[PDB]
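What follows is the content of protein_30.pdb, which has PDB, C-alpha atoms and all ligand atoms:
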ATOM      1  CA  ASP A 954      10.134  17.241   8.040
ATOM      2  CA  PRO A 955      10.251  13.414   8.065
ATOM      3  CA  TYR A 956       7.973  13.179   5.015
ATOM      4  CA  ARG A 957       9.764  15.693   2.799
ATOM      5  CA  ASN A 958      10.601  12.944   0.293
ATOM      6  CA  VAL A 959       7.113  11.461   0.082
ATOM      7  CA  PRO A 960       5.466  12.376  -3.243
ATOM      8  CA  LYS A 961       2.682  14.913  -3.043
ATOM      9  CA  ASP A 962      -0.696  14.468  -4.704
ATOM     10  CA  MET A 963      -0.632  10.697  -5.141
ATOM     11  CA  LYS A 964      -3.821   9.314  -6.645
ATOM     12  CA  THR A 965      -5.497   5.970  -6.043
ATOM     13  CA  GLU A 966      -7.493   3.452  -8.078
ATOM     14  CA  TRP A 967      -9.844   0.952  -6.421
ATOM     15  CA  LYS A 968     -12.819  -0.534  -8.276
ATOM     16  CA  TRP A 969     -14.638  -2.515  -5.593
ATOM     17  CA  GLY A 970     -16.147   0.042  -3.249
ATOM     18  CA  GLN A 971     -15.446   1.390   0.208
ATOM     19  CA  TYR A 972     -16.887   1.001   3.684
ATOM     20  CA  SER A 973     -18.697   4.085   4.947
ATOM     21  CA  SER A 974     -16.599   7.246   4.389
ATOM     22  CA  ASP A 975     -13.273   5.388   4.312
ATOM     23  CA  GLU A 976     -12.503   6.259   0.689
ATOM     24  CA  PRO A 977      -9.419   5.168  -1.317
ATOM     25  CA  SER A 978      -7.933   8.701  -1.219
ATOM     26  CA  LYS A 979      -7.634   8.444   2.560
ATOM     27  CA  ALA A 980      -4.761   5.963   2.108
ATOM     28  CA  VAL A 981      -2.562   8.777   0.743
ATOM     29  CA  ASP A 982      -3.850  11.909   2.482
ATOM     30  CA  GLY A 983      -0.959  12.280   4.959
ATOM     31  CA  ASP A 984      -3.256  11.589   7.914
ATOM     32  CA  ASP A 985      -2.330   8.519   9.972
ATOM     33  CA  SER A 986      -5.832   8.328  11.450
ATOM     34  CA  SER A 987      -7.859   8.381   8.221
ATOM     35  CA  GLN A 988      -8.023   5.168   6.210
ATOM     36  CA  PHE A 989      -9.268   3.483   3.119
ATOM     37  CA  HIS A 990     -11.415   0.466   4.077
ATOM     38  CA  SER A 991     -12.634  -1.859   1.326
ATOM     39  CA  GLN A 992     -16.355  -2.589   1.159
ATOM     40  CA  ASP A 993     -15.770  -6.310   0.658
ATOM     41  CA  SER A 994     -12.934  -8.823   0.307
ATOM     42  CA  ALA A 995      -9.733  -7.242  -0.981
ATOM     43  CA  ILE A 996      -7.911 -10.550  -1.343
ATOM     44  CA  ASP A 997      -6.204 -10.769  -4.746
ATOM     45  CA  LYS A 998      -7.567  -7.375  -5.773
ATOM     46  CA  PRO A 999      -5.152  -4.607  -6.808
ATOM     47  CA  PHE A1000      -5.115  -1.328  -4.897
ATOM     48  CA  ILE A1001      -3.202   1.020  -7.185
ATOM     49  CA  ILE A1002      -1.325   4.159  -6.230
ATOM     50  CA  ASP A1003      -0.235   6.510  -9.020
ATOM     51  CA  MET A1004       2.511   8.900  -7.984
ATOM     52  CA  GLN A1005       1.774  10.990 -11.149
ATOM     53  CA  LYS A1006       5.425  10.859 -12.163
ATOM     54  CA  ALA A1007       8.280   8.348 -12.067
ATOM     55  CA  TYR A1008      10.670   8.583  -9.114
ATOM     56  CA  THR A1009      13.528   6.500  -7.776
ATOM     57  CA  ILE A1010      11.901   5.068  -4.667
ATOM     58  CA  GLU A1011      14.111   3.848  -1.836
ATOM     59  CA  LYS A1012      11.598   2.484   0.666
ATOM     60  CA  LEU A1013       7.929   2.123   1.496
ATOM     61  CA  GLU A1014       6.044   2.641   4.732
ATOM     62  CA  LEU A1015       2.615   1.046   5.136
ATOM     63  CA  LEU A1016       0.202   1.697   7.971
ATOM     64  CA  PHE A1017      -2.806  -0.566   8.462
ATOM     65  CA  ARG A1018      -5.748  -0.666  10.838
ATOM     66  CA  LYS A1019      -4.935  -1.951  14.315
ATOM     67  CA  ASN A1020      -6.487  -5.287  15.300
ATOM     68  CA  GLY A1021      -9.710  -5.303  13.260
ATOM     69  CA  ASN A1022     -11.273  -5.803   9.845
ATOM     70  CA  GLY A1023      -8.720  -4.915   7.213
ATOM     71  CA  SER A1024      -5.551  -5.334   9.283
ATOM     72  CA  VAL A1025      -3.148  -6.805   6.737
ATOM     73  CA  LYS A1026      -0.897  -9.754   7.595
ATOM     74  CA  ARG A1027       0.370 -10.634   4.108
ATOM     75  CA  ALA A1028       0.547  -8.769   0.818
ATOM     76  CA  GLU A1029       2.401  -8.596  -2.456
ATOM     77  CA  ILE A1030       3.552  -5.252  -3.815
ATOM     78  CA  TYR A1031       4.317  -4.562  -7.472
ATOM     79  CA  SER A1032       5.784  -1.578  -9.289
ATOM     80  CA  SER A1033       5.342  -0.208 -12.803
ATOM     81  CA  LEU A1034       6.587   2.648 -14.957
ATOM     82  CA  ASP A1035       3.871   2.425 -17.616
ATOM     83  CA  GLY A1036       0.865   1.133 -15.677
ATOM     84  CA  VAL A1037       0.587  -2.043 -17.770
ATOM     85  CA  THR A1038       3.605  -4.195 -16.945
ATOM     86  CA  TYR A1039       4.112  -4.722 -13.211
ATOM     87  CA  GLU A1040       7.087  -6.344 -11.477
ATOM     88  CA  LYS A1041       6.893  -7.805  -7.967
ATOM     89  CA  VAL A1042       9.046  -5.868  -5.507
ATOM     90  CA  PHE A1043       7.847  -7.328  -2.199
ATOM     91  CA  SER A1044       6.024 -10.350  -0.876
ATOM     92  CA  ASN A1045       5.327 -11.831   2.522
ATOM     93  CA  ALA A1046       2.734 -14.210   1.097
ATOM     94  CA  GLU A1047       2.865 -17.849   2.184
ATOM     95  CA  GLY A1048       6.022 -19.439   0.803
ATOM     96  CA  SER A1049       8.123 -16.290   0.899
ATOM     97  CA  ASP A1050      11.064 -15.907   3.277
ATOM     98  CA  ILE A1051       9.498 -12.849   4.886
ATOM     99  CA  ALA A1052       7.349 -13.119   8.007
ATOM    100  CA  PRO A1053       3.709 -11.995   8.054
ATOM    101  CA  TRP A1054       3.018  -8.625   9.669
ATOM    102  CA  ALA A1055       1.591  -8.294  13.158
ATOM    103  CA  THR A1056      -1.818  -6.619  13.195
ATOM    104  CA  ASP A1057      -0.545  -4.058  15.693
ATOM    105  CA  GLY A1058      -1.186  -0.832  13.762
ATOM    106  CA  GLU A1059       2.529   0.075  13.696
ATOM    107  CA  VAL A1060       4.404   1.226  10.587
ATOM    108  CA  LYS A1061       5.570  -1.594   8.328
ATOM    109  CA  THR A1062       8.744  -0.649   6.458
ATOM    110  CA  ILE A1063      10.070  -2.139   3.250
ATOM    111  CA  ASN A1064      13.605  -0.951   2.552
ATOM    112  CA  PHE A1065      14.609  -1.611  -1.013
ATOM    113  CA  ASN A1066      18.048  -3.109  -1.551
ATOM    114  CA  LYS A1067      18.488  -0.529  -4.280
ATOM    115  CA  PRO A1068      16.242   2.300  -5.447
ATOM    116  CA  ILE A1069      13.650   1.398  -8.041
ATOM    117  CA  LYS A1070      12.337   3.733 -10.745
ATOM    118  CA  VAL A1071       8.550   3.551 -10.366
ATOM    119  CA  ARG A1072       5.405   5.526 -11.131
ATOM    120  CA  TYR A1073       2.670   3.080 -10.018
ATOM    121  CA  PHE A1074       2.486   0.760  -7.042
ATOM    122  CA  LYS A1075      -0.002  -2.091  -6.836
ATOM    123  CA  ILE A1076      -0.816  -3.605  -3.455
ATOM    124  CA  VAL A1077      -2.426  -7.040  -3.514
ATOM    125  CA  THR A1078      -3.732  -8.187  -0.137
ATOM    126  CA  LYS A1079      -3.097 -11.892   0.474
ATOM    127  CA  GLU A1080      -4.160 -12.329   4.104
ATOM    128  CA  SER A1081      -5.988  -9.903   6.373
ATOM    129  CA  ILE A1082      -8.495  -9.791   9.194
ATOM    130  CA  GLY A1083     -11.931 -10.397   7.701
ATOM    131  CA  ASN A1084     -10.363 -10.399   4.205
ATOM    132  CA  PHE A1085     -10.717  -6.589   3.991
ATOM    133  CA  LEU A1086      -8.044  -4.004   3.246
ATOM    134  CA  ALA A1087      -7.915  -1.136   5.730
ATOM    135  CA  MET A1088      -4.932   1.045   4.943
ATOM    136  CA  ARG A1089      -4.342   4.260   6.867
ATOM    137  CA  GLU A1090      -1.277   5.431   4.949
ATOM    138  CA  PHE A1091       0.985   4.424   2.097
ATOM    139  CA  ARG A1092       4.244   6.372   1.875
ATOM    140  CA  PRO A1093       6.880   5.825  -0.832
ATOM    141  CA  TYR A1094      10.143   7.712  -0.317
ATOM    142  CA  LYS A1095      12.210   9.346  -3.073
TER     143      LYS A1095
HETATM  144 CA    CA B   1      -4.775   8.407   5.866
HETATM  145 MG    MG B   2      14.928   8.666  -5.414
END
Could you take the file, read its structure, and then write that structure out as structure tokens?
Ligand SMILES: [Ca+2]
Ligand SMILES: [Mg+2]
Amino acid sequence: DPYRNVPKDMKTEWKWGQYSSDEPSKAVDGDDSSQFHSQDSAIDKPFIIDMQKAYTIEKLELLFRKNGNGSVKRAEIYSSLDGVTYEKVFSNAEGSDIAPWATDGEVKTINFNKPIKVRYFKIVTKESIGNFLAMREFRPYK
């Protein structure tokens, strides 16, 4: 299956509430239709995914809401082994050389130039429709 190398039983950490039933766990439930949707502005707030174990990750796929509140245009992504010290591994924030994402609901892929040993990912929304984060799926690949 195409997702054989996506870690199972990822856990999430979000401290600022959800909209309706769109809970943080729905960003990593393997269902492209279900989503996390923040209750309020997610700008500069960390959405953390704990893979439970360190893996050498080769790429990320992110899937956001299509054309509505929470569709992400720009974000920074950080990685950590210990959950304290994070290093930036991706940015399409203003000033970077990477274009903002279209709000088209299609998979956004980040292919790492070399695999990175990581346990935790932190996603920091920098620009999004309505300032929310609405993330249908986050998939790191071993
Ligand atoms: Ca989902
Ligand atoms: Mg690997």
Identify, on the basis of all atoms listed in the file, every residue whose closest approach to residue 1018 of chain A does not exceed 6 Å; exclude the query and any residue fewer than 6 positions from it along the same chain; express the result as a list in words.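 Near neighbours after the sequence-gap exclusion: residues 1024, 1058 and 1087 of chain A.
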Counting only C-alpha atoms, closest pick from A:1003, A:997, A:1040, A:984 relative to residue 1028 of chain A is A:997
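For the point (-11.1, 1.3, -10.8) in file coordinates, the residues within 12 Å, using all atoms listed in the file, are residues 964, 965, 966, 967, 968, 969, 970, 971, 977, 998, 999, 1000, 1001 and 1002 of chain A.
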Using only C-alpha atoms for the distances, tell me which of A:1062, A:1056, A:1083, A:1073 is nearest to residue 1020 of chain A.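 Residue with the minimum atom-to-atom distance to residue 1020 of chain A: A:1056.
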Under the rule that all atoms listed in the file are counted, which of A:1078, A:994, A:1066, A:958 is the nearest residue to ligand MG 2 (chain B)?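 Comparing A:1078, A:994, A:1066, A:958 against ligand MG 2 (chain B), the winner is A:958.
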Would you mind telling me which residue in A:1091, A:1008, A:1039, A:1031 lies nearest to ligand MG 2 (chain B) when using only C-alpha atoms and all ligand atoms?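 Smallest separation from ligand MG 2 (chain B) among the options: A:1008.
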Within 10 Å of ligand MG 2 (chain B), counting all atoms listed in the file: which residues, as an MDAnalysis selection string? chainID A and resid 958:959 1007:1012 1067:1071 1093:1095
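Among the candidates A:956, A:1082, A:1092, A:993, the one nearest to residue 1021 of chain A when counting all atoms listed in the file is A:1082.
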Just to confirm, what's the straight-line distance from atom CA of residue 1049 of chain A to atom CA of residue 995 of chain A in Å (one decimal)? 20.1 Å
Exercise answer, 9 Å around ligand CA 1 (chain B) with only C-alpha atoms and all ligand atoms, as a count of residues only: 17
Just so the selection is clear, what residues does the PyMOL selection byres (((chain A and resi 1030) around 7) and not hetatm) cover here, as an NGL selection string? :A and (1028-1029 or 1031-1032 or 1041-1044 or 1074-1077)
How would the residues just picked look written out with C-alpha atoms as a PDB file, in the frame of the given file?
ATOM      1  CA  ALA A1028       0.547  -8.769   0.818  1.00  0.00           C
ATOM      2  CA  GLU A1029       2.401  -8.596  -2.456  1.00  0.00           C
ATOM      3  CA  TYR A1031       4.317  -4.562  -7.472  1.00  0.00           C
ATOM      4  CA  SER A1032       5.784  -1.578  -9.289  1.00  0.00           C
ATOM      5  CA  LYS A1041       6.893  -7.805  -7.967  1.00  0.00           C
ATOM      6  CA  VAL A1042       9.046  -5.868  -5.507  1.00  0.00           C
ATOM      7  CA  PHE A1043       7.847  -7.328  -2.199  1.00  0.00           C
ATOM      8  CA  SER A1044       6.024 -10.350  -0.876  1.00  0.00           C
ATOM      9  CA  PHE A1074       2.486   0.760  -7.042  1.00  0.00           C
ATOM     10  CA  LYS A1075      -0.002  -2.091  -6.836  1.00  0.00           C
ATOM     11  CA  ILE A1076      -0.816  -3.605  -3.455  1.00  0.00           C
ATOM     12  CA  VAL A1077      -2.426  -7.040  -3.514  1.00  0.00           C
TER      13      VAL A1077
END
